[PDB]
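Structural characterization, general
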Amino acid sequence: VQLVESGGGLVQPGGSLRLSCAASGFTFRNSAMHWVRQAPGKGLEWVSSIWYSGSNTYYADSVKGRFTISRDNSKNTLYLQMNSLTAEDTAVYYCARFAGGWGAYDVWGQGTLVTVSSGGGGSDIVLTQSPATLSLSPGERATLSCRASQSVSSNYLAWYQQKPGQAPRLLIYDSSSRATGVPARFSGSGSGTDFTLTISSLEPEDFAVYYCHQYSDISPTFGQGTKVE
Amino acid sequence: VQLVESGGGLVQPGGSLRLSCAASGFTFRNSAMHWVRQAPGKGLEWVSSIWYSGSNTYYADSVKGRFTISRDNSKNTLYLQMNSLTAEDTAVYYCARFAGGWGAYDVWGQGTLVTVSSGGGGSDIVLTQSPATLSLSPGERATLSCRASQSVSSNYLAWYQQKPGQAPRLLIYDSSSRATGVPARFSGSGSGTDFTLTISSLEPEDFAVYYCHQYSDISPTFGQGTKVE
Amino acid sequence: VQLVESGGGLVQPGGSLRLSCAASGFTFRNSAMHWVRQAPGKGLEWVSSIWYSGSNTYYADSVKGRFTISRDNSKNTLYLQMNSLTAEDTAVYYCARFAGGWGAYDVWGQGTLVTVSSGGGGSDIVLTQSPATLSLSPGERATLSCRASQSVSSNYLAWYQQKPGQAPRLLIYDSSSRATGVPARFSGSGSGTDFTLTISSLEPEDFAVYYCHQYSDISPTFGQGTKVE
Amino acid sequence: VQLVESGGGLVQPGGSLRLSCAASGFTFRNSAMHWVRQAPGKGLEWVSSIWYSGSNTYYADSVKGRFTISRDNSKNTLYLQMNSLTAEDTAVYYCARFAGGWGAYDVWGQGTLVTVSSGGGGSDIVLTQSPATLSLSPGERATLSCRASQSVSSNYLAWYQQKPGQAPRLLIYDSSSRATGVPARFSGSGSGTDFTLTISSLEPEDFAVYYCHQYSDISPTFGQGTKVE
Amino acid sequence: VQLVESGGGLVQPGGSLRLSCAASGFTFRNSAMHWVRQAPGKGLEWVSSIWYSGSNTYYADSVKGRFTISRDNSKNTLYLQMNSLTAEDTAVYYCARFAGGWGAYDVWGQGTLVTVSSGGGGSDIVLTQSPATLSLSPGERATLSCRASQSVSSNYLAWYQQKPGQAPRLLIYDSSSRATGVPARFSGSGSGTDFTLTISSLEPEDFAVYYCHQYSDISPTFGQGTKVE
Amino acid sequence: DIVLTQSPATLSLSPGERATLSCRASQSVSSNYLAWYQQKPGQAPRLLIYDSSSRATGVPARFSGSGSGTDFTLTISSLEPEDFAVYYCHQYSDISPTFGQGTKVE
Amino acid sequence: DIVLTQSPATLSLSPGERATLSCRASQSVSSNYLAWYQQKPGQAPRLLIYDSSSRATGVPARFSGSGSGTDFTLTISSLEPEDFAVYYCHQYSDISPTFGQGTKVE
Amino acid sequence: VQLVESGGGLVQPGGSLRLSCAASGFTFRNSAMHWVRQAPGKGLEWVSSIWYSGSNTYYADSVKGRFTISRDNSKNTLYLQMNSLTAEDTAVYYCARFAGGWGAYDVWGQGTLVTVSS
Amino acid sequence: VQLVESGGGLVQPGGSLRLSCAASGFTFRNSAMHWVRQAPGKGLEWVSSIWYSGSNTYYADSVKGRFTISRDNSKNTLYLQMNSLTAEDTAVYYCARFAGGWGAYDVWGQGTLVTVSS
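Per the PDB record, this model was obtained through X-ray crystallography at a reported resolution of 2.000 Å.

A look at the overall build of chain A
Assigned secondary structure in chain A consists of zero helices and 22 strands. For chain A, the C-alpha radius of gyration of 26 Å lies well beyond 17 Å, the compact-globule estimate for 229 residues. Along the longest, intermediate and shortest principal axes, the C-alpha atoms of chain A span 75 × 35 × 25 Å. Here chain A holds 229 residues, and 42% of them are scored as buried. For chain A, long-range pairs separated by at least 24 residues make up 54% of all intrachain contacts whose partners lie at least 6 apart in sequence. When the accessible surface of chain A is totalled, it reaches about 11600 Å², and 50% of it is carbon and sulfur.

A few points about the relation of the copies chain C and chain B
Superposing chain C onto chain B takes a rotation of 180 degrees combined with a translation of 0.0 Å along the rotation axis, leaving an RMSD of 0.4 Å. Between the two chains, the operation in question is that of a two-fold axis. Scanning chain C for the C-alpha nearest the rotation axis identifies C:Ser84, at a separation of 2.5 Å. Here 98% of the interface residues in chain C have copies in chain B that are interface residues too; the copies meet face to matching face.

With respect to the domain arrangement of chain A
According to the domain assignment, chain A contains domain 1 (1-121) and domain 2 (122-229). Placing the centre of domain 1 of chain A and that of domain 2 of chain A at their C-alpha centroids yields a distance of 45 Å.

Remarks on the sheet that holds strand β19 (residues 194-199) of chain A
All names here are of chain A. A sheet is described by the order of its strands in space; here four strands give the open sequence β12-β14-β19-β18, paired in antiparallel fashion. Each edge of the sheet is formed by a strand with only one pairing partner; in this case those strands are β12 (127-130) and β18 (186-191). Between one strand axis and the next, the sheet turns through 20 degrees on average, direction left out of account. Here β18 pairs with β19 via six bridges, running antiparallel. When the sheet's bridge partners are listed, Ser 187 is paired in β19 with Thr 198.

Some words on the sheet that holds strand β7 (residues 67-72) of chain A
Residues and elements named next belong to chain A. Read across the open sheet, the four strands follow the order β1-β3-β8-β7; overall the sheet is antiparallel. Of all strands in the sheet, those with a lone pairing partner are β1 (2-6) and β7, marking the two edges. Going from strand to strand, the sheet's axes swing by 20 degrees on average, the running direction of each strand aside. Pairing of strand β3 (residues 17-24) with strand β8 (residues 77-82), which is carried by six bridges, proceeds in the antiparallel orientation.

Some thoughts on the arrangement of the chains
Looking at chain B next to chain H, you find no contact at all, with the nearest C-alpha pair sitting 20 Å apart. Contact between chain B and chain I is absent, and the least distance between their C-alpha atoms amounts to 38 Å.

Structural notes on the packing of aromatic side chains
Aromatic ring pairs are described here by two measures, namely the spacing of the ring centres and the angle between the planes. Inspection of the entire model under this criterion finds 77 aromatic pairs over all chains. An angle of 80 degrees between the planes, with centres 5.5 Å apart, marks the rings of B:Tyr105 and B:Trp108 as edge-to-face. Of the two residues, B:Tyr105 and B:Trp108, neither departs from the other in class, the shared state being buried. Counting every residue linked through ring pairs, the aromatic cluster contains D:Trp102, F:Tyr33, F:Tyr37, F:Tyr92, F:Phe99, H:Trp51, H:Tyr52, H:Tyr94, H:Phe98, H:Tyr105 and H:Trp108. A cation sits over an aromatic face here: C:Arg97 above C:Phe26, 4.9 Å from the ring centre.

With respect to the state of the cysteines
Counting across every chain of the model gives 14 disulfides over all chains. The disulfide partner of E:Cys146 is E:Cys212, and the S-S distance across this bridge is 2.0 Å. When the S-S torsion is 75 degrees, as for the bridge of E:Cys146 with E:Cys212, the disulfide is right-handed. A residue pair is termed long-range when its members are at least 10 positions apart, and E:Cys146 in strand β14 (residues 142-148) and E:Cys212 in strand β20 (residues 209-214) qualify at 66 residues. E:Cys212 carries the same exposure label as E:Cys146, and that label is buried. The disulfide that involves F:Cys23 links it to F:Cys89, with 2.0 Å between the sulfurs. Handedness here is read from the sign of the S-S torsion; for F:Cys23 and F:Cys89, about 70 degrees, the answer is right-handed. One end of the pair, F:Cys23, is in strand β3 (residues 19-25); the other, F:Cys89, is in strand β9 (residues 86-91), with 66 residues separating them in the sequence. When its relative accessible area of 0% is taken as the criterion, F:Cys89 is described as buried. In chain A, numbering the disulfide-bonded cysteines from first to last in sequence yields the connectivity 1-2, 3-4.

A look at the side chain of E:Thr86
Take E:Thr86: it is sitting in the loop between β8 (77-82) and β9 (91-98). Judged by relative accessible area, E:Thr86 falls into the buried class, the value being 1%. At 2.2 Å, the side chain of E:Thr86 forms a polar contact with the backbone oxygen of D:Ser62. Apart from the residues lying within four places of it in its own chain, the contact partners of E:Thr86 are D:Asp61, D:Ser62, D:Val63, D:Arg66, E:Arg66 and E:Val116.

Digging into empty space enclosed by the protein
With the rule as written, the count across this model stands at one cavity of 30 Å³ or more. In this structure, the largest cavity encloses a volume near 160 Å³. At the level of secondary structure, the elements contributing two or more residues to the lining of the largest cavity comprise β14 (142-148) of chain A together with β14 (142-148) of chain B.

Topic: the interface of chain C and chain B
Taken residue by residue, the interface counts 51 residues in chain C and 52 residues in chain B. Both sides of the chain C and chain B interface together cover about 4000 Å² of buried area, and 61% of this is carbon and sulfur. Run the count over chain C and chain B and you get zero salt bridges. Here chain C is connected to chain B by 14 residue pairs in polar contact. Looking at the side of chain C that touches chain B residue by residue, the classes come out as 25 nonpolar, 18 polar and eight charged.

Concerning the nonpolar core
Grouped together as the largest cluster of nonpolar side chains are 109 residues, with contacts concentrated most on E:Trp159, E:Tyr210, F:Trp36, F:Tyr87, H:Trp35, H:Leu78 and H:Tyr105. Top contributing element to this core by residue count: strand β9 (residues 91-98) of chain H, with six residues. Residues A:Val228, C:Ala23, C:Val36 and C:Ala104 belong to the second largest nonpolar core, which totals 90 residues.

Topic: unusual backbone geometry
Omega for the peptide link from B:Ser130 to B:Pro131 comes to -5 degrees, which places this bond in the cis form. Summarising the element assignment, B:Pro131 is placed in the loop between β12 (127-130) and β13 (133-134). Between G:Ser7 and the following residue, G:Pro8, the backbone shows a cis peptide bond with an omega angle of -5 degrees. Inspection of the secondary structure assignment puts G:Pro8 in the loop between β1 (4-7) and β2 (10-11). Although it is not a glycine, B:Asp174 sits at a positive phi angle of roughly 50 degrees. For B:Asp174, the position within the fold is in the loop between β16 (169-173) and β17 (177-178). Notably, H:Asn76 is not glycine yet its phi reads approximately 55 degrees, a positive angle. Looking at where H:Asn76 falls in the secondary structure, it is placed in the loop between β7 (67-72) and β8 (77-82).

Quick word on the environment of C:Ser135
All names here are of chain C. Structurally, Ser 135 can be placed in the loop between β13 (133-134) and β14 (142-148). Relative accessible area serves as the criterion here: at 56%, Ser 135 is assigned to the exposed category. A polar contact of 3.4 Å, which involves the side chain of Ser 135, links it to the side chain of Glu 229.

Points about the pattern of salt bridges
The final tally for this structure, using the stated rule, is 66 salt bridges over all chains. A salt bridge links A:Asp61 to A:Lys64; the shortest N-O distance between them is 3.3 Å. Relative accessible area serves as the criterion here: at 51%, A:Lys64 is assigned to the exposed category. When the shortest N-O distance is used, the salt bridge between B:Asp194 and A:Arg141 registers 2.4 Å. Pair noted here: B:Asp194 is in strand β19 (residues 194-199) and A:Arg141 is in the loop between β13 (133-134) and β14, and the two residues belong to different chains. Note on B:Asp194: relative accessible area 22%, which makes it partly exposed. One connected set of salt bridges, linked through shared partners, spans I:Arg37, I:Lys42, I:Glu45, I:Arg66, I:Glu88 and I:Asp89.

Calculation rules
Residues numbered from 1 in each chain as written, not as in the entry; some residues may be left out. Chains lettered and ligands numbered in written order. Part of a larger assembly, values for the part shown. Heavy atoms only, no water. Helix = DSSP H or I, 4+ residues; strand = E, 2+ residues; numbered from the N terminus. Rg over C-alpha atoms; globule rule 2.2 N^0.38 Å. Buried < 20%, exposed > 50% of the residue type's maximum accessible area, 1.4 Å probe, protein only. Contact = heavy atoms within 4.5 Å. Areas by Shrake-Rupley, 256 points an atom, 1.4 Å probe, with all protein chains shown as cover. Least-squares fit on C-alpha atoms. Domains from an automatic or database assignment. Pairing = 2+ DSSP bridges. Axes fitted to C-alpha atoms, helices over the stretch in contact; angles between N-to-C directions. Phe/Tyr/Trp six-rings, centres within 6.5 Å; stacked < 30°, edge-to-face > 60°. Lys NZ or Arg CZ within 6 Å of the ring centre and 35° of its normal. Disulfide = S-S within 2.5 Å. Polar contact = N/O pair within 3.5 Å; in protein donor to acceptor, adjacent residues only side chain to side chain. 1 Å grid on protein atoms, 1.4 Å probe; cavity = no way out; pocket = protein on both sides within 12 Å on 5 of 7 lines; lining within 4 Å. Points joined across faces, edges and corners; volume = space filled by probe spheres on them. Buried area = accessible area lost by both parts, 1.4 Å probe. Salt bridge = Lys/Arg side-chain N within 4 Å of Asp/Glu carboxyl O. Nonpolar A, V, L, I, M, F, W, Y, C, P; charged D, E, K, R; others polar. Core = buried A, V, L, I, M, F, W, Y, C linked by side-chain atoms within 4.5 Å.

Encoded structure:
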């Protein structure tokens, strides 16, 4: 009793790939066949299922509309056509015979790696903000840090304020330039790889999420934000 | 059926005081009598109990060895002798008749306020540190703020580092002078009412609790600390 | 330059204790010596000061009339005599040399723990009221909950109403018995560990704080209160 | 049912201390009473036992000959006389009632901290060696690190080699000076807080444990050793 | 250039022993001489020091007050008088010449083993808990293991819970008996050498360190604890 | 197997007199784990003394137990009319509990 | 003088595997008076098997001894982590007791 | 703190009978419980004992192989199953709580008479 | 049932040393007691044996004429007097109870290290 997988490989986002699984040693044409995948360093996730003629094929919500399970009982082969692939589809894909109360997934294919990527990565300057959270009171000082993995040329670093449900608002650009209409209690400083945003005396309207942003190259990146609550 | 209370008032720490409770309208000598107290803004707390001739009397753990409950049945009077008074004893004290399964505390005295205090204030310099907690990684910068309610004359402000289970360790004094043996990555600054401690590049041994301290008058005060974790 | 401490330990409320601090490596006879304490989990707090013959000795407000600082310059030893001890005095006590503008508390003792306690628990029946606050309008229904950590034998649980500046007033006892004169809109129910007080139609005079109270053992306990505002 | 403990504190090595534990709520005269201690950050450790006066008192090897357990049944009190104290006795000591098959240690005192120390608020110079283990082959290079918690004055740091069953052998002193008879393949370097021992080409006779040692003050300390396998 | 050590051996707790170290090849009468010890499977630890007349003798806190270092310069002999011995003194003791900046410990005695024990060739019942740590969330199952090196007669094994700063609390005794007031979600099982503590559904109040404890003989022992986080 | 022998089998006494009852074991009773019980006609036994000398809760002071090893005594200082009953001694020092054959105080 | 020869000198095995240890005597061991001991580093030897095949009280069943005359075997059916130690055989059939040189199971 | 007994009565030789003991007022699940019997006009005699899970149940030689002691901790009940009854088993049977060093048999059932006769 | 050993330590060649072994938990007066030693990194080696009064004490050839085994039954103590010590006598020495057909060396002392060096 065996399941021989083939296919997979490295593909670009939006591309297509077909997986196949050739069965032997059991009455394949009667067996329910599933596909299961496992993202790198993650757990098992059911993908799709197919059974006898007269039954519904089933899909996971992530793939419904993009993947197609099929079978050719004349070749004892199971297929998975994967369209509109994105980096979240990167996983090892297993074919498996489903025996339900008679063995669950009792036979597994060996699994094939499907990696969907456009060439990353990468050279991107990584921005790390600290701390993730600051609990303060009105009138107190807020000091926020942004550290870059590489030097930010021309100190092209900006700071944004974002309140819930609203678009980000420019506070500081060119590391130290306070934008027009921004109160003087906001000030930015630093150079190279070490930048700081200081709110001298917090007001009740200053409690929000703050992002740093480097625009010194063709691959703009943001920090993950510091929440001031 | 009433309990008439008397006594109480304002005393100094280490002082003594006796409360009284004269009963009428019931057979006092057969009733169990309790004292209950209520600190300003807090809830009710049982203090002591006493009962019949074979007096098996009980005390709350905090008052054991300091308070004495007693009764004079010929006078229908309940007493509470209060010795070794401290600020935690500040409360409104009630005498109460305990009816148990027939009424719990069914009769209460009107209550008398007992305040233990050695002076009105309390007019000290208040240091407020910010933030209370900083979650940071090694290599990052910690910026700690200490704000004073009044100007700190001569900038007599000091910073201390304290690790779990160890005595405090002087880092900075005179607002900005490093103590002997303190690495250069620690630096203090500020004047008047606004002081900051900055740890430029956090080492694993730098994660601890940091306190600021003003010594510009005869009432030394500390901040409540900032935990760098 | 070192301060070697000794003394401390575990004592009962109202007890007395004496701490010692032997100095070496500096001219102790001319030094200003302080005592500083730190309750478990809390911050640093100044206690007392002593200096040259011809200066004043100072005490924190809470310890005035209870603690006595002294020194024996012939033996280079500092003392702290602690009387009228209560649970609020539980702390690690430090002796420290005060250098003023030349180092603040630049030398510390290792500290000794003083614990003031008449017992170790703790195993009382804990009553937990919910919710802490109820904002309601007249005519609505208030449902107050009281949960006990252990079963309340015989359902000896009472409810009290307290208005600001007044003594508590018995509403319910034996979990479900309305006291004489209590309107029918109040009603208690429950058993074991789960008890509720229900005010069917709130009147303006019903807005107050409500406490539950178990009297099923020798250690009576109250809930912390529910404020119906 | 309660055990009220008292005593403890900070004492000099070789000093004496007496612990007491006052019982209530049970027939103390019939109960076996034990002492249990817990070193800082360690587990529970049995200390001593006492029973009826027709049985023998028992002690752990850690305390036998220096400690004396006793009881005064007329005061329902348990005692532990602690003589000839050593820093190894530093722990929180608990009194406990032993019920055997009817409850093991079912009642505990709250515990009192006993610290046996002669030092001040400062810490000894701590040496940390890294890595803990090095697995290498003959001919290869071994690089060992010793980092001090404080700067080592005059670079008074030494390196020793110890083979199983033998006394340590001096390799390097004054950080870089190679001892008499030591092959040139051993060499030390570094200053202040960062020191290194280098074995240029390992021989089979070099596989041993290596210790660093600072002698820049009156309190000598050693590293915890690096084993070269 | 030699130090010939002698003495040591196996001694009862509380006993006495004297170590000797005979020097030759150098001007012993002027040399600083130290004693250093090494517990089995541990690192080097300084014990005591003696020097010229006019200098202080020094001791480590582990031995100060019980051990006496001395010298007879007319016989070029160093002595260590070891009184009030305890199990924690078990170690190999080395005499060593201290040369400071001219060689640190450049000459060592060969070392003699001192073992302080009252036991026989059998070992106490060793309890091993596993795992050392469990990271769980409220509502989940905690399964803790305690394995004994020998069979625990009558299944006299207990389980305790200890929260930070508090005394241990009895959970289970006689392997399976749940103590009074312990919630039913705690349950113990097992026999002989294999025991288990199960917390069916963790509550937030269950996060603590858990110890097993055998009381089946005259030498009570504890497990080293499992921390549930 | 520890045999307990009580004596005398019968004691005829008046109210106000003292009754001295003896229980002797064939071997030493470990930890002095010996108890005394009172039993009246038609009723269940009642604990009087345990651990050789400890009086159970509610037992009047006129009852007192003493002894150790193999020789134990129950003493009733001043007999009351309600004290006339049968008295049993009981050793619980091992896994095979045994009782005396009883002393009838009449 | 009876010489005991153990083999092999060293056994490298993993947990769960079986260890078969052999003790061969230069002469017949009268009454099969042969014993096996386990010794861990820094500890005293501990009796495992005596009389060639008797498992001592408290010794787990996974240890078993067999053989007679001049050929004896100690078998550990399923090695546990605590079983890795040195094992000695020992003959006490005459007035000159002798030991094997040991087999280290690592 | 009490033990409620039930059962007993008059049975023929070779018959069977089950005794019950319902406890209240203490932690029955953890208690050692014994059965003691007393033949008419004779003395007290220990019969059987049961304790925590992981302990050995014990029987007097005179009942071993015929009597079975058991407990249902969820119901706080002690049982004695008596099989192969003989005229010598005629006695008043008591359940009792065993407190050892803290009170020996400090709580007794009221007893029930079992008579074996034809 | 245990053997409490004492003595040992570091001595110079030609020196003397006496080891002690205090027994409890069995009738020492009837037991045969042996000394066994183990040089560092080597195996177990029998040293000496002693039994009831009227029986022969035995010695290994390597210690015959230098070591003396003895016992004091009134104190339940076994002794080994070690004279004319040499570097080869360096070993951990164990006292042990010899049970023969009923358990060989079934009880061991914890052992004491004797080192002979100059």
